[PDB]
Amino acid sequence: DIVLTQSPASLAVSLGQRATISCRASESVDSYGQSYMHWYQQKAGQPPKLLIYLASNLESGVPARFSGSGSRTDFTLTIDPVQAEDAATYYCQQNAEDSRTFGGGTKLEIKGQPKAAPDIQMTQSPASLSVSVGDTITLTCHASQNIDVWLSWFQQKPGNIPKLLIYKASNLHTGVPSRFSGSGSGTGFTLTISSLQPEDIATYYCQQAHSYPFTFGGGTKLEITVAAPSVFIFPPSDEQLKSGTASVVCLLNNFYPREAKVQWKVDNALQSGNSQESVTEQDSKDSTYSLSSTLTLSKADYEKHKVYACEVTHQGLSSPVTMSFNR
């Protein structure tokens, strides 16, 4: 059983430098002119990935920066230049014998001190908005740090390319209608569409050009109140009934407003029993809710009845809807 000793156990390297990890073997790893020595790269919380095989061959999709050399008992892996995504633990491995072994590892981290600088964070609130045609509308934008007036405002129609609209916070790009307008400085900027035409319906972006890397805003969708729940009913699976339990789940997908009644129908008999409700929060996209009702009861009370329903009372529904199943 060949023992593979790695060196060093850890190394801190500056970006763009050379790093040379070693791996020494207790016995020769050579057979018929070949060194059965391979290198694996294991990033944090991740499975290993093959980098180099038979000491000097790169695997497909492995950058020309990784290289390996050595023979018999002395091997080396070199990364020149060292990049940010090269921080991982690196293992050498041998299959020169029936019983394969790995080395201890060499953890490589990019150093570390002096660190660097943060990246700018842009926010566009709300992520979605609605209004008529022929009205003035003000849109809002924000920056994490100072960008003075280095803010662009873009326009992307679905399945279309970004269209520059405003630059330097208040300037209008060429071909942009007078109805579009820009304002703001520092951390807070505003777009303004007076007497909005149907063409002004798209996702409105924003971008900082102060410090590298460049960063864009989340987004703001244009569209132009009631919503009935998409009512479904789920029966307990084959897996669950083997547990001696039966749970029927009434799904109420996307509804507005919140006021909604759900009533359980135990095979044509209305029975308020062993049930519990769950509910999502008021959305950002459509501000609708989602509700589940789970009537939990033993296979002793269930298996008898083969057909069950769910009564849903909502403003959106002219009269209550009752979703059923046949097993």
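Residue numbers here begin at 1 and follow the sequence given.
In terms of unmodelled positions of the deposited sequence, the stretch from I224 to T225 in this entry skips 4 to 9 residues. In this entry, 250 to 258 has the higher mean Cα B-factor, the comparison being between 102 to 110 and 250 to 258. Judged by mean Cα B factor in the deposited record, 295 to 303 ranks above the other of 295 to 303 and 41 to 49. Of the residues listed, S26, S67, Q276, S60, the entry assigns the biggest Cα temperature factor to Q276. The PDB entry gives the largest Cα B-factor of the residues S194, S237, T73, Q208 to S237. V149: CA B factor lies in the middle third for its chain, per the PDB record. Among the modelled residues of its chain, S284 has a C-alpha B-factor that falls in the highest third according to the deposited record. Sort the modelled residues of the chain by CA B factor and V321 lands in the middle third.
When all modelled residues of the chain are sorted by CA temperature factor, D135 is found within the highest third. Among the modelled residues of its chain, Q271 has a C-alpha B-factor that falls in the highest third, as given in the PDB entry.
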